[PDB]
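Everything below belongs to input.txt, which stores compact mmCIF, C-alpha atoms and all ligand atoms.
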# COMPACT_ATOMS: atom_id res chain seq x y z
CA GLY X 1 -3.44 8.76 16.21
CA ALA X 2 -2.58 6.05 18.78
CA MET X 3 -0.47 7.12 21.84
CA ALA X 4 2.19 4.46 21.05
CA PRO X 5 1.29 2.99 17.65
CA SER X 6 1.66 -0.85 17.72
CA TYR X 7 1.22 -4.03 15.69
CA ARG X 8 -0.62 -7.01 17.22
CA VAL X 9 -1.95 -10.31 15.87
CA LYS X 10 -5.13 -12.18 16.89
CA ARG X 11 -6.45 -15.60 15.75
CA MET X 12 -10.22 -15.11 15.42
CA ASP X 13 -12.95 -13.89 13.04
CA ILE X 14 -12.23 -10.25 11.93
CA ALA X 15 -16.05 -9.65 12.04
CA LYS X 16 -15.62 -9.67 15.93
CA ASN X 17 -12.75 -7.09 15.87
CA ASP X 18 -12.29 -4.43 18.64
CA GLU X 19 -10.87 -1.73 16.28
CA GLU X 20 -12.27 1.56 14.87
CA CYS X 21 -12.49 0.23 11.30
CA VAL X 22 -12.04 -2.99 9.28
CA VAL X 23 -10.27 -3.92 6.03
CA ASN X 24 -12.24 -6.41 3.91
CA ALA X 25 -10.27 -8.80 1.70
CA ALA X 26 -12.72 -7.96 -1.12
CA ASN X 27 -13.32 -9.11 -4.66
CA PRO X 28 -13.31 -6.46 -7.44
CA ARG X 29 -17.12 -6.79 -7.98
CA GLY X 30 -18.42 -5.99 -4.46
CA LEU X 31 -19.91 -9.53 -4.23
CA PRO X 32 -20.41 -11.37 -0.90
CA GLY X 33 -17.63 -13.81 -1.82
CA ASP X 34 -16.23 -16.41 0.65
CA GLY X 35 -13.94 -16.51 3.75
CA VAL X 36 -13.17 -13.06 5.31
CA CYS X 37 -15.32 -11.36 2.60
CA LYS X 38 -18.44 -13.46 3.47
CA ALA X 39 -17.93 -12.83 7.25
CA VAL X 40 -17.70 -9.08 6.46
CA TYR X 41 -20.86 -9.30 4.25
CA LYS X 42 -22.86 -10.95 7.09
CA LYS X 43 -21.68 -8.37 9.69
CA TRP X 44 -21.75 -5.13 7.58
CA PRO X 45 -23.93 -5.88 4.52
CA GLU X 46 -24.78 -2.14 4.08
CA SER X 47 -21.05 -1.55 3.33
CA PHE X 48 -21.37 -3.43 -0.01
CA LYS X 49 -23.40 -0.60 -1.64
CA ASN X 50 -21.19 0.51 -4.63
CA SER X 51 -18.10 -1.22 -3.12
CA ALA X 52 -16.81 -2.58 -6.51
CA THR X 53 -13.23 -1.32 -7.19
CA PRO X 54 -10.28 -2.54 -9.29
CA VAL X 55 -7.44 -4.82 -8.26
CA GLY X 56 -4.72 -2.92 -6.36
CA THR X 57 -7.22 -0.36 -4.89
CA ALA X 58 -9.22 0.21 -1.75
CA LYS X 59 -12.71 1.75 -1.50
CA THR X 60 -14.28 2.75 1.86
CA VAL X 61 -18.05 2.41 2.46
CA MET X 62 -19.62 3.35 5.84
CA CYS X 63 -21.94 0.91 7.72
CA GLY X 64 -23.58 3.46 10.01
CA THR X 65 -20.51 5.37 11.21
CA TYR X 66 -18.25 2.23 11.11
CA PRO X 67 -15.84 2.33 8.10
CA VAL X 68 -15.34 -0.82 5.95
CA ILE X 69 -12.26 -0.44 3.70
CA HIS X 70 -12.70 -2.87 0.73
CA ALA X 71 -9.13 -3.76 -0.37
CA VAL X 72 -8.81 -5.85 -3.55
CA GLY X 73 -5.64 -7.97 -3.68
CA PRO X 74 -4.68 -9.85 -6.88
CA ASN X 75 -5.70 -13.47 -7.52
CA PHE X 76 -2.28 -15.18 -8.15
CA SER X 77 -4.13 -17.80 -10.28
CA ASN X 78 -4.49 -15.01 -12.94
CA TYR X 79 -1.56 -12.61 -12.35
CA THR X 80 2.10 -13.37 -13.02
CA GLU X 81 4.25 -13.50 -9.79
CA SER X 82 5.77 -10.09 -10.82
CA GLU X 83 2.49 -8.23 -11.63
CA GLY X 84 0.66 -9.88 -8.68
CA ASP X 85 3.42 -8.73 -6.30
CA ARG X 86 3.06 -5.10 -7.64
CA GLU X 87 -0.78 -5.15 -7.26
CA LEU X 88 -0.56 -6.67 -3.73
CA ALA X 89 1.87 -3.87 -2.62
CA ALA X 90 -0.43 -1.24 -4.25
CA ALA X 91 -3.61 -2.52 -2.46
CA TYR X 92 -1.90 -2.10 0.94
CA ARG X 93 -0.62 1.42 0.00
CA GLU X 94 -4.29 2.38 -0.77
CA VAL X 95 -5.38 0.93 2.64
CA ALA X 96 -2.82 3.19 4.39
CA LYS X 97 -4.22 6.25 2.52
CA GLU X 98 -7.81 5.37 3.60
CA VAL X 99 -6.84 4.65 7.26
CA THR X 100 -5.07 8.08 7.32
CA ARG X 101 -8.01 9.94 5.64
CA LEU X 102 -10.54 8.44 8.13
CA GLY X 103 -8.60 9.66 11.20
CA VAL X 104 -9.12 6.32 13.02
CA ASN X 105 -6.82 5.37 15.92
CA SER X 106 -7.00 1.57 15.12
CA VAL X 107 -7.69 -0.78 12.17
CA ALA X 108 -8.36 -4.56 11.87
CA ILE X 109 -6.58 -6.02 8.79
CA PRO X 110 -6.40 -9.50 7.18
CA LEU X 111 -3.41 -10.74 5.09
CA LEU X 112 -4.51 -9.96 1.49
CA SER X 113 -4.07 -12.65 -1.21
CA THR X 114 -3.19 -15.45 1.34
CA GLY X 115 -6.40 -17.57 0.97
CA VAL X 116 -8.31 -18.43 -2.25
CA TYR X 117 -6.32 -15.67 -4.13
CA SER X 118 -2.90 -17.25 -3.16
CA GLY X 119 -2.65 -19.44 -6.32
CA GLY X 120 -1.92 -22.40 -3.98
CA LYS X 121 1.27 -20.83 -2.45
CA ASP X 122 2.18 -19.79 1.12
CA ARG X 123 2.31 -15.96 0.89
CA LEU X 124 2.40 -15.12 4.67
CA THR X 125 5.80 -13.35 4.50
CA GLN X 126 5.13 -11.65 1.11
CA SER X 127 1.72 -10.28 2.18
CA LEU X 128 2.82 -9.30 5.74
CA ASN X 129 5.95 -7.42 4.45
CA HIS X 130 3.77 -5.41 2.01
CA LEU X 131 1.39 -4.65 4.95
CA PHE X 132 4.34 -3.34 6.99
CA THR X 133 5.76 -1.27 4.06
CA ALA X 134 2.38 0.53 3.75
CA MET X 135 1.34 0.80 7.42
CA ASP X 136 4.72 1.69 9.06
CA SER X 137 4.24 5.45 8.26
CA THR X 138 0.67 5.44 9.75
CA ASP X 139 -0.01 6.05 13.50
CA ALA X 140 -3.06 3.75 13.83
CA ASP X 141 -2.84 0.66 16.10
CA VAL X 142 -2.87 -2.24 13.60
CA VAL X 143 -4.41 -5.58 14.61
CA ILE X 144 -3.80 -8.37 12.08
CA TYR X 145 -6.43 -11.19 12.03
CA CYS X 146 -5.69 -14.79 11.02
CA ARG X 147 -7.38 -18.21 11.44
CA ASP X 148 -4.44 -20.76 11.50
CA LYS X 149 -2.45 -21.53 14.73
CA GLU X 150 0.94 -21.78 12.87
CA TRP X 151 0.28 -18.49 11.00
CA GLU X 152 -0.50 -16.77 14.36
CA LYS X 153 2.96 -17.86 15.69
CA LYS X 154 4.83 -16.75 12.50
CA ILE X 155 3.08 -13.35 12.35
CA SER X 156 3.72 -12.78 16.08
CA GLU X 157 7.43 -13.71 15.58
CA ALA X 158 7.73 -11.30 12.60
CA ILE X 159 6.24 -8.42 14.68
CA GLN X 160 8.53 -9.13 17.69
CA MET X 161 11.67 -9.38 15.42
CA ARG X 162 11.32 -5.64 14.53
CA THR X 163 11.14 -5.29 18.44
CL CL F 201 -13.83 -16.56 16.30
CL CL F 202 -7.48 -14.29 -0.37
CL CL F 203 -4.70 -17.75 8.43

Structure rendered as structure tokens:
Amino acid sequence: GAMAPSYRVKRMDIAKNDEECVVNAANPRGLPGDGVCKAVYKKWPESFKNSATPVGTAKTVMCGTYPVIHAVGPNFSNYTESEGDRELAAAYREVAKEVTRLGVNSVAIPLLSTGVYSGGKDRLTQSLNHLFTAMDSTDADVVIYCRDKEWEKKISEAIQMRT
């Protein structure tokens, strides 16, 4: 585990992370996809061998010795707010299980269901709070990756508010 487990936020491409493993914001079919998923496909294409997994689950595939945790959040275009919220919570609980199983001291993680799976809503707070519910009992250093300058400020403020 980390000596003093922390949360941090960085505004940059998660394919350039400095952590011991990465969480892909995957689609259920293990396809290259777009956004974070396409960046992850270009950087770790070997990790997409048999990476298909259902909504609300995470499936780890090794690229060399580097673990890629494919986490499948719900597309809020298709799910009801209620069922989508349950699947989004579940995906992050499965990430925490994988991070623990792998024995890593650090993980790079995007905000699941905040981009093309957001159904056109701002889900920063919803997605981040489910990330914290899952990851608070883990001892890995967590580094959250985002692309927007206003999102960076809001995530940083949310981390600092817990102290
Ligand atoms: Cl970048
Ligand atoms: Cl998304
Ligand atoms: Cl963002």

Taking all atoms listed in the file into account, produce a table as JSON lines in which each residue of chain X with an atom at most 6 Å from an atom of ligand CL 203 (chain F) appears once, together with its shortest atom pair and the distance in Å to one decimal, ordered by chain and rising number.
{"residue": "X:146", "atom": "CA", "partner": "F:CL203", "partner_atom": "CL", "distance": 4.1}
{"residue": "X:147", "atom": "CA", "partner": "F:CL203", "partner_atom": "CL", "distance": 4.1}
{"residue": "X:148", "atom": "CA", "partner": "F:CL203", "partner_atom": "CL", "distance": 4.3}
{"residue": "X:151", "atom": "CA", "partner": "F:CL203", "partner_atom": "CL", "distance": 5.7}

Item to check | Protein and nucleic residues near ligand CL 201 (chain F), 10 Å, all atoms listed in the file, as a PyMOL selection string | outcome: chain X and resi 10-17+146-147

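Residues of protein or nucleic acid lying within 7 Å of ligand CL 202 (chain F), counting only C-alpha atoms and all ligand atoms, are residues 25, 112, 113, 114, 115, 116, 117 and 118 of chain X.
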
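The smallest atom-to-atom distance between residue 119 of chain X and any of X:75, X:47, X:100, X:86, using all atoms listed in the file, is found for X:75.
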
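Closest approach to residue 111 of chain X among X:53, X:127, X:137, X:77 is made by X:127 (distances from only C-alpha atoms).
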
Next on the checklist: At a cut-off of 8 Å, using all atoms listed in the file, what residues contact residue 69 of chain X? Leave out same-chain residues fewer than 5 positions from it and give the result as a PyMOL selection string.
Outcome noted: chain X and resi 21-24+58-61+95+98

Kindly export the residues of the current selection with C-alpha atoms, as an mmCIF file, in the frame of the given file.
data_model
loop_
_atom_site.group_PDB
_atom_site.id
_atom_site.type_symbol
_atom_site.label_atom_id
_atom_site.label_comp_id
_atom_site.auth_asym_id
_atom_site.auth_seq_id
_atom_site.Cartn_x
_atom_site.Cartn_y
_atom_site.Cartn_z
ATOM 1 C CA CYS X 21 -12.490 0.230 11.300
ATOM 2 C CA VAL X 22 -12.040 -2.990 9.280
ATOM 3 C CA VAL X 23 -10.270 -3.920 6.030
ATOM 4 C CA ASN X 24 -12.240 -6.410 3.910
ATOM 5 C CA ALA X 58 -9.220 0.210 -1.750
ATOM 6 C CA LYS X 59 -12.710 1.750 -1.500
ATOM 7 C CA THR X 60 -14.280 2.750 1.860
ATOM 8 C CA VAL X 61 -18.050 2.410 2.460
ATOM 9 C CA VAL X 95 -5.380 0.930 2.640
ATOM 10 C CA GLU X 98 -7.810 5.370 3.600
#

Item to check | Spatial sel., origin (3.5, -5.9, -2.8), limit 10 Å, only C-alpha atoms, listed as a ChimeraX atom specification | outcome: /X:56,73-74,82-93,112,126-131,133-134

Item to check | Length of the atom CA of residue 67 of chain X to atom CA of residue 101 of chain X vector [Å] | outcome: 11.2 Å

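Interatomic distance, atom CA of residue 48 of chain X to atom CA of residue 29 of chain X: 9.6 Å.
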
Item to check | Residue contacts of residue 108 of chain X (6 Å, all atoms listed in the file) excluding same-chain residues fewer than 5 positions away, as a PyMOL selection string | outcome: chain X and resi 19+22+143-144

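Taking atom CA of residue 142 of chain X and atom CA of residue 2 of chain X as endpoints, the distance between them is 9.8 Å.
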
Checklist entry - With distances taken over all atoms listed in the file, which of X:104, X:9, X:40, X:55 is nearest to residue 28 of chain X? => result X:55

Next on the checklist: Env of residue 66 of chain X: 8 Å cut, atoms = only C-alpha atoms, seq-sep filter 2 positions within chain, self excluded. Answer as a PyMOL selection string.
Outcome noted: chain X and resi 20-21+62-64+68

Output C-alpha atoms of each residue in that selection to a file, as an mmCIF file, in the frame of the given file.
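To be explicit, this is the file written out as out.cif:
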data_model
loop_
_atom_site.group_PDB
_atom_site.id
_atom_site.type_symbol
_atom_site.label_atom_id
_atom_site.label_comp_id
_atom_site.auth_asym_id
_atom_site.auth_seq_id
_atom_site.Cartn_x
_atom_site.Cartn_y
_atom_site.Cartn_z
ATOM 1 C CA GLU X 20 -12.270 1.560 14.870
ATOM 2 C CA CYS X 21 -12.490 0.230 11.300
ATOM 3 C CA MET X 62 -19.620 3.350 5.840
ATOM 4 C CA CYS X 63 -21.940 0.910 7.720
ATOM 5 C CA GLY X 64 -23.580 3.460 10.010
ATOM 6 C CA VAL X 68 -15.340 -0.820 5.950
#

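Proximity ranking of X:141, X:81, X:122, X:34 relative to residue 96 of chain X places X:141 first, based on all atoms listed in the file.
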